[PDB]
Amino acid sequence: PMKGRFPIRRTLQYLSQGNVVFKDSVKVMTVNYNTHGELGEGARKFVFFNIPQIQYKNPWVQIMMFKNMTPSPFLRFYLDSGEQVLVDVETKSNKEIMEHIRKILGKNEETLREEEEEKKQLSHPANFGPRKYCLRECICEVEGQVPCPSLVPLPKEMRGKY
Amino acid sequence: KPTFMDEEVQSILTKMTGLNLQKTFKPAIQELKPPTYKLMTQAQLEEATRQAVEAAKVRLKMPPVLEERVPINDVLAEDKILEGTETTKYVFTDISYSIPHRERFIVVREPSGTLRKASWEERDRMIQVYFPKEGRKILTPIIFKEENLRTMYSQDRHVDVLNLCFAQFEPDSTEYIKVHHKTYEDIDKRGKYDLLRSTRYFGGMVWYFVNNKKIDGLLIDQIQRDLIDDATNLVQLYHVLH
Amino acid sequence: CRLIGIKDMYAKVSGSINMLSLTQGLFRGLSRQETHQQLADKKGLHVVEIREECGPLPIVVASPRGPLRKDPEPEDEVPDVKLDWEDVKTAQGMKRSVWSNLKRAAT
Amino acid sequence: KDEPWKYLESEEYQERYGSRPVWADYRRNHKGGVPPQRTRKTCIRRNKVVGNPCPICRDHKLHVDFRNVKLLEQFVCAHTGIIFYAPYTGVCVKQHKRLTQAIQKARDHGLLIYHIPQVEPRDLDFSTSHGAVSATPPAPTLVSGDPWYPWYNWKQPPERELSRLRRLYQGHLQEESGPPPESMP
Amino acid sequence: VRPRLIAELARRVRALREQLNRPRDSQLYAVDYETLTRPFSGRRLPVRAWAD
Amino acid sequence: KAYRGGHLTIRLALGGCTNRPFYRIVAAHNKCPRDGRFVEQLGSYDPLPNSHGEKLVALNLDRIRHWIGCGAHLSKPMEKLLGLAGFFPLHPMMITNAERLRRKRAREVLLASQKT
Amino acid sequence: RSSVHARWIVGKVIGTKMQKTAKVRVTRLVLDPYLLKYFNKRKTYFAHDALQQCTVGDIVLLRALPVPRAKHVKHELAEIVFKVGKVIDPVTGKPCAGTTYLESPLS
Amino acid sequence: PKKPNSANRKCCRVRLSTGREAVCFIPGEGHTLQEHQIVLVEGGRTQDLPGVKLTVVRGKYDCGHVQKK
Amino acid sequence: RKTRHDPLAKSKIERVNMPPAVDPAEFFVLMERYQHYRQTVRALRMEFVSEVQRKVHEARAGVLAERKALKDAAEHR
RNA sequence: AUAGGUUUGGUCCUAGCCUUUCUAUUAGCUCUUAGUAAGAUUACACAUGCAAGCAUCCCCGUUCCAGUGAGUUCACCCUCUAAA
Ligand SMILES: [Mg+2]
Ligand SMILES: [Mg+2]
Ligand SMILES: [Zn+2]
Ligand SMILES: [Zn+2]
């Protein structure tokens, strides 16, 4: 047994199960919900489960978690200029509110794909570096010069042996 | 209308090649890690089979065959200063990123003051030494030597043969075309069109046999087996191309 | 395993160490299980095994002998599953150890 | 045995193994507990085999090479392309090198079968005639003789700067002759 | 943070000395009319300077 | 503590082991070490050629050209490499070395005609 | 613009024993490299209330100033977005109590 | 040493040049040592021997092989 | 090696700095070709400045980025 | 860590020391062919060979590499900018 009725939050796979990513200009993601009422079960389960995913996707955003505020909370967001986006949370499912927040603060999948393509283009393994951010230090290790003369011996072709 | 890289013609030629879901995606000897025993329904199984068939068809999109070539010794920028003094082939190229190896500029020099652009074989060897890929060995493969080729053709096993032939040379090399022609000629003798149904095959088999009129064995095998629609399609293709 | 016929399987003998106790535990475990045909007859769906060596080509092991549902098993959010933390740690490679699966009395 | 290829084809192999492997069927009497991460070095020694012979050297006539594919199949997994190195089995370093060489020869000749999951090629163009490795219109100076920058080839310079240099550097007497040839014996 | 005041003061004093003691091109640069050398430095002269 | 990032001064250092000659370009200032405070650290250079004589060189001039435009000096190795590469004309030092080789061959012909 | 790192940040007002200023704290989540859980972590900050609107007990946004004009102060409290206790609903949200609609809305 | 294995061990105090000073035990039938001796000391630990942590090695600047009758 | 302020040994600071070998015609060819190469290198440095300008233009003034930003703003609206 | 040894007349849970082996530095012992990386461990102290030249004197490397672990969240970012 595990220490948690919902141990999905501690299973590794949940970390990689992320997907949504906020914009590069977000600042604070103030969100309030209710826990005692049984009306907004969807939004409750959403805020309870699908949150560490977005947090691990980018832990550069502020979080606000309240207990009991009002039967009709909200989801106050913030943009570059620190605007105030208003929207209700009551009477909302989980995937619905997830898609809503992804469309509002989250970035479109096209932008993420473009960023991934740009990062791949930035990758240039053809370069040579003595073991750190690249592979094959010098041309000696790879099919070229003598494979590390400091270890493998050499015949009379070299100097100082005649 | 030859059109070697056509659409409908190549699609029909691939259709003539037996799909065989069990042969194309045969359980290879790879890192057989314990997979997941998911429970799929009828619709999901049908969709997965369709995806596998599409992947196998995409696997039959290569290679091209356009005869052999000749290693040309280019002579561009001549400098009457060296004339046989500085050798070792100096290469000063800028490796960008998204550029095919055929469009690179491997400025290979010569002992004289000329300016070569890397011979075909030398260019291929340098490309292989640079960025390898699925297999692809530097020098010629020992698997396709004289005695090795004879042993491979005598034991009847043209799956790994074509697999390595595609994953070793380039789609326009001398030894490549030679080995492919030898394998096709060996396949022609005695009907056995079946082993070539799990790898690159349409390189220069049906195309070459239709250009040189060698569809006798294939027609005999088709008549002995079955498939009347395929026979009519082949007759129509022969009437059109010829 | 040799007397049973198994040829390859790992076992983490954690907790206590005893012969009769281990045999009784193994018997209890093998008594409360469901075979492939039994699992297929229970759930109904086909027991497909996506072989990693092959492409997207499914291969069914035990086919159904009665029920045939059109809708597959759903993949809802946060599936309730309890697993061991040491297994995930060893899979990720958190701790260090040159004695887990290196050179032991294998085969 | 001289010209072997007969042990496996005889009844000795059936009476010995027949279906079990040869590398796993071994009991090392070293420091009990678990086999070591490094095994014995040279199988033979001088003229006798000191201690328990190698799991491979115990067999007198069977060799290690592509000719004996049964040994390679037994040493390699029945469904994986992983080679069980010597530290895992328990074989002399000589036999380990022999097995490595035999496996290399077999893989270079085309013995061990294996399906390669191929993908797209390295280039999109397929024609030995692209302009990147064909030719290029030469330059007018190059056609006339000396390429661009006419100061590349030798040119008899004036005498004023020669007198200047002779006036400067004098202790290092180094007189030349004339325009040297361009050949090379 | 505590800035190394001893080292800073030492370096500042050295720099102030080197600046205020700025010698013109005559004190230590006094060229000799025989030995063909310069005081302070004490280095040699090029072969051309044997008589220039 | 204060950098400079002004004019560059490419300095070399053939550091390595015996029977192993390998270049090592290091771009920095004139008043800076090699492994100390620098401006840009670029990859090394391949002196001797690889197998079957194929001296491959990776032209990493992308940022070097920008630094030159912003102010960057060169040394003898970088100058000779740029000259014998392709962008700059053939370095005059190497052309004159070829001329000296021609003179040496002429002297060898003279010696062969004189001696025997 | 804001020379400091944080630009916009929300926090509660607590410490106000000063002139034209109000200490504000920010609550953030920190992940453990073993427990795999986001734990709540608070950090006190110094704002700048140019006029002191409310006393204490209010969660309001902050605007980072260009350059700190003292020592550690960096934020500027110039707008109370909401009032603790009298939380406002999205639409037709009147100052009501907690879980008790004392102020009849839709009026 | 102990009650059951009533032997005649020669426990002598050995001061280390580093600084520490404790008791040690020299193995081998017959203690041929005396007092003034600069011999190497290894970290050998004997099984049944209370108050023993190190031993004397007759190798470093002493003897080569082992005593054989 | 030495470091300015050193006791400096005595087995080298007592010899004149002799100049290298200089052949009149060969050295004059050296210098003529070196002047030509230096002029060409200065021209190529000016061309490198121009190319850096062109690259900065293609990067910043690239209408593609501005159009993408405008489309993103419209999508946000 | 998949074995466990070590209590009690014996067993279970339960917890202390330890190998079985990879090893980096080494005591003795024995001590082939050909070739390489190291011969300051101690922020101990130092003979002899020395190690900074030079371009027409202007002048730079000398704040370079070369060694040590005294100290030891300077060894990386956001808002951006100092000579050049
Ligand atoms: Mg007892
Ligand atoms: Mg320290
Ligand atoms: Zn052996
Ligand atoms: Zn090196």
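Residues numbered from 1 in each chain as written, not as in the entry; some residues may be left out. Chains lettered and ligands numbered in written order. Part of a larger assembly, values for the part shown. Heavy atoms only, no water. Residues with missing side-chain atoms left out of burial classes, pairs and counts.

As stated in the entry header, the method of structure determination is cryo-EM and the reported resolution is 4.4 Å.

1. So, the overall build of chain H
Put simply, the rule reads: Only runs of H or I of at least four residues qualify as helices and only runs of E of at least two qualify as strands under DSSP, and these elements are numbered from the N terminus. Between buried and exposed lies partly exposed: a residue is buried under 20% and exposed over 50% of the maximum accessible area for its type, with that area taken using a 1.4 Å probe on protein chains only. Per-residue accessibility takes into account occlusion by the displayed protein chains alone, with areas from the Shrake-Rupley method and a 1.4 Å probe. As used throughout, the charge tally considers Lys and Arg to be positive and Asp and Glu to be negative, leaving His and the chain termini uncounted. To locate a charge, take NZ of a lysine, CZ of an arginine, CG of an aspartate or CD of a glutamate.
Within chain H, the secondary structure is distributed over 0 helices and 4 strands. For the C-alpha atoms alone, the extent of chain H along its principal axes is close to 40 × 35 × 20 Å. Evaluated residue by residue, chain H yields a buried proportion of 14% over its 69 residues. Carbon and sulfur atoms provide 50% of the accessible area of chain H, an area that totals close to 6,300 Å². Where the 13 positive side-chain charges of chain H centre and where its 6 negative ones centre are 4 Å apart.

2. Here we look at the overall build of chain G
What counts, and what does not: Using C-alpha atoms as the atom set, the radius of gyration is obtained and then compared with a globule rule of 2.2 Å times the number of residues to the power 0.38. Residue contacts follow a heavy-atom distance rule, with two residues in contact if any of their heavy atoms lie within 4.5 Å.
Along its length, chain G carries 0 helices and 5 strands. Secondary structure of chain G in N-to-C order comes out as β-β-β-β-β. A globule of 107 residues ought to have a C-alpha radius of gyration of about 13 Å, yet chain G, at 17 Å, is considerably larger. The C-alpha extent of chain G, read off along each of the three principal axes, is 50 × 45 × 25 Å. Evaluated residue by residue, chain G yields a buried proportion of 31% over its 107 residues. Considering only contacts within chain G whose residues lie at least 6 apart along the sequence, 46% involve residues at least 24 apart. Across chain G, the centroid of the 19 positively charged side chains sits 10 Å from that of the 7 negatively charged ones.

3. Concerning the arrangement of the chains
Here 15 pairs of chains are in contact, and chains B and D lead that list by number of contacts. The smallest C-alpha distance separating chain C from chain F is 33 Å, and no contact links them. Over all C-alpha pairs, chain B and chain I never come within contact, reaching a minimum spacing of 14 Å.

4. Notes on the sheet that holds strand 1 (residues 8-13) of chain G
Residue and element names in this part refer to chain G. This is how it is decided: Two strands pair if DSSP finds at least two bridges between them.
Taken in spatial order, the 5 strands line up as 3-2-1-4-5 in an open sheet, and their pairing is antiparallel. Each edge of the sheet is formed by a strand with only one pairing partner; in this case those strands are strand 3 (38-46) and strand 5 (75-76). When strand 1 meets strand 2 (residues 23-31), the two strands line up antiparallel, connected through 2 bridges. Pairing of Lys12 across the sheet is with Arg25, part of strand 2.

5. Overview of a negative patch on the surface
All names here are of chain B. Put simply, the test is: Only residues whose relative accessible area exceeds 30% and that form no salt bridge are eligible for patches; like-charged ones are grouped when within 9 Å, while nonpolar side chains (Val, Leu, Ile, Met, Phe, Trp, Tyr) are grouped when within 5 Å. Between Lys or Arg on one side and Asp or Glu on the other, a salt bridge is scored when a side-chain nitrogen of the former is within 4 Å of a carboxyl oxygen of the latter.
On the surface, a cluster of negative charge is contributed by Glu67, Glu68, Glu121, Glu146, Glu147 and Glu175. Relative to the elements of secondary structure, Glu67 occurs in the loop between helix 3 (42-59) and helix 4 (120-130). With relative accessibility at 61%, the residue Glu67 sits in the exposed group.

6. With respect to the interface of chain B and chain D
Put simply, the rule is: When two parts are put together, the accessible area they lose, computed with a 1.4 Å probe and summed over both, is reported as buried area. Here a polar contact is recorded for every N or O atom pair within 3.5 Å, except that within protein the pair must consist of a potential hydrogen donor and a potential acceptor, and residues adjacent in sequence are included only if both atoms are side-chain atoms. Polar here means any residue outside two lists: the nonpolar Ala, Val, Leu, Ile, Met, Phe, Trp, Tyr, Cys and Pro, and the charged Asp, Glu, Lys and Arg; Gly therefore counts as polar.
Across the contact, 52 residues belong to chain B and 39 residues belong to chain D. Across the chain B to chain D interface the summed buried area is about 4,300 Å²; carbon plus sulfur atoms make up 54%. Residues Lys137 of chain B and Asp108 of chain D are paired through a salt bridge, measuring 3.1 Å at the closest nitrogen-oxygen approach. Our count for the chain B to chain D interface comes out at 14 residue pairs in polar contact. At the level of elements, helix 4, helix 5 (146-154) and helix 6 (158-168) of chain B are the ones that each hand at least two residues to the side of chain B that touches chain D. Ranked by the residues each element gives to the side of chain B that touches chain D, the list is headed by helix 6 of chain B, at 6 residues. A breakdown of the residues in the side of chain B that touches chain D according to their chemical character gives 21 nonpolar, 8 polar and 23 charged.

7. Quick notes on the state of the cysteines
Keep this limit in mind: We call a pair of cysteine sulfur atoms a disulfide whenever their separation is within 2.5 Å.
According to the stated counting rule, one finds 4 disulfides over all chains in the structure shown. Here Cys43 of chain D pairs with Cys54 of chain D through a disulfide, and the sulfurs are 2.0 Å apart. Of the two residues, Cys43 of chain D sits in the loop between helix 1 (11-16) and helix 2 (69-75) while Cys54 of chain D sits in the loop between helix 1 and helix 2, which places them 11 residues apart along the sequence. Since its relative accessible area comes to 0%, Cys54 of chain D is described here as buried. Shown here is the disulfide that connects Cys43 of chain D with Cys57 of chain D, its sulfur atoms set 2.0 Å apart. Its S-S torsion of about 115° marks the bond between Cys43 of chain D and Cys57 of chain D as right-handed, since a negative value means left-handed. Of this pair, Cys43 of chain D sits in the loop between helix 1 and helix 2 while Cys57 of chain D sits in the loop between helix 1 and helix 2; the two residues are 14 residues apart in sequence, bridging distant segments of the chain. For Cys43 of chain D, a relative accessible area of 3% puts it in the buried group. Considering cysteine sulfurs only, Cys77 of chain D is the nearest to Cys1 of chain C, which forms no disulfide, with 18 Å between them. Residue classification places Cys1 of chain C among the partly exposed positions, given a relative accessible area of 43%.

8. Focus on the nonpolar core
Short version of the rule: Take the buried residues of types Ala, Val, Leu, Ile, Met, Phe, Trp, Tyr and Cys, join any two whose side-chain atoms come within 4.5 Å, and each joined set is a nonpolar core.
Core analysis: the largest hydrophobic core is formed by 30 residues, its most contacted members being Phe144, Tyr201 and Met205 of chain B. Going through the elements one at a time, helix 5, helix 6, helix 7 (174-188) and helix 8 (206-211) of chain B are the ones with two or more residues in this core. What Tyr201 of chain B contacts, discounting residues up to four positions off in sequence, is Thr17, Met62, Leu162, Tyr184, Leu196 and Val206 of chain B. Of all hydrophobic cores here, the second largest spans 21 residues; its members include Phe22, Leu75, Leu79 and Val89 of chain A.

9. Let's talk about a nonpolar patch on the surface
Residues and elements named next belong to chain C. A cluster of nonpolar side chains, namely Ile4, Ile6, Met9, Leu26 and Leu30, defines an oily patch on the protein surface of about 490 Å² accessible area. Mapped onto the elements of the fold, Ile4 is located in the segment before helix 1 (19-31). Take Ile4: its relative accessible area is 58%, and that puts it in the exposed class.

10. Details of the protein's contact with RNA strand J
The condition that has to hold: Being near a molecule or strand, for a residue, means having at least one of its heavy atoms within 4 Å of it.
Taken together, 68 residues are adjacent to RNA strand J, and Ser150 and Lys161 of chain A, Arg38 of chain D together with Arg38 and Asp52 of chain E come closest. In RNA strand J, atoms within 4 Å of the protein come from the sugar-phosphate backbone in 62% of cases. With respect to RNA strand J, the side chain of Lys161 of chain A contributes an N or O atom lying 2.2 Å from a phosphate oxygen. Between RNA strand J and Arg4 of chain F, the relevant distance is 2.6 Å, taken from a base nitrogen to a main-chain nitrogen or oxygen of the residue. Looking at the surface near RNA strand J residue by residue, the class counts come to 22 nonpolar, 21 polar and 25 charged.

11. Observations concerning helix 4 (residues 93-109) of chain D
Given 3.6 residues per turn, any residue in an α-helix points the same way as the ones three and four places further on. Just so we agree on the cut-off: A helix's residues, less one, multiplied by 1.5 Å, set its expected span.
Spanning 17 residues, helix 4 of chain D covers 24 Å between terminal C-alpha atoms, matching the ideal 24 Å at 1.5 Å per step. Within helix 4 of chain D, burial applies to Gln95, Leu99, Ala102, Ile103, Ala106 and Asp108 of chain D. Here the buried face of helix 4 of chain D lies against helix 5 of chain B together with helix 2 of chain D. Residue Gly110 of chain D follows helix 4 of chain D closely and has a positive phi angle near 105°.

12. Section: the environment of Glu40 of chain F
Residues and elements named next belong to chain F. Here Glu40 is to be found in the segment before helix 1 (61-71). Expressed as a C-alpha distance, the spacing of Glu40 and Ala72, which sit 32 residues apart in the sequence, is 11 Å. With residues up to four places along the chain from it excluded, the contact list for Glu40 reads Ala27, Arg63 and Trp67.

13. Some thoughts on the environment of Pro24 of chain I
Note that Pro24 of chain I resides in helix 1 (residues 24-60). With residues near it in sequence (within four places) discarded, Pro24 of chain I still touches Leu162, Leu165, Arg166, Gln174 and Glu176 of chain D.

14. Here we look at the side chain of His29 of chain F
Residues and elements named next belong to chain F. Take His29: it is sitting in the segment before helix 1. Residue classification places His29 among the buried positions, given a relative accessible area of 2%. Among residues more than four places away in sequence, those in contact with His29 are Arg4, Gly5, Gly6, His7, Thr9, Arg37, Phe38 and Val39.

15. Overview of the pattern of salt bridges
Per the stated rule, a full pass over the model turns up 38 salt bridges over all chains. For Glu109 of chain A, the salt bridge goes to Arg113 of chain A, with nearest N and O atoms at 3.7 Å. Pair noted here: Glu109 of chain A and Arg113 of chain A are both in helix 5 (residues 109-122), with a separation of 4 residues, about one helical turn. Here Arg103 of chain F and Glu26 of chain I are joined by a salt bridge, their closest N and O atoms 2.6 Å apart. One end of the pair, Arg103 of chain F, is in helix 3 (residues 92-114); the other, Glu26 of chain I, is in helix 1, on a second chain. Of the two residues examined, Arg103 of chain F and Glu26 of chain I, each falls in the buried class. Each of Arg69, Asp124 and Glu170 of chain B together with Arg122 and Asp123 of chain D takes part in salt bridges that share partners, so that together they form one network.

16. Quick notes on helix 2 (residues 36-43) of chain C
For helix 2 of chain C, the N-terminal capping position is held by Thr35 of chain C, with its side-chain oxygen 3.2 Å away from the main-chain nitrogen of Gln38 of chain C. A positive backbone phi angle near 105° is found at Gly44 of chain C, which sits one or two residues after helix 2 of chain C.

17. Thoughts on the side chain of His115 of chain D
Assignment of secondary structure puts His115 of chain D in the loop between helix 4 and helix 5 (140-144). A distance of 3.3 Å separates a polar atom in the side chain of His115 of chain D from a polar atom in the side chain of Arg59 of chain B. Of the polar contacts made by the side chain of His115 of chain D, one reaches the backbone oxygen of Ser198 of chain B; its length is 3.4 Å. Discounting residues that sit within four places of it in the chain, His115 of chain D has contacts with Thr24, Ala28, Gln30, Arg59, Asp160, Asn163 and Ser198 of chain B.

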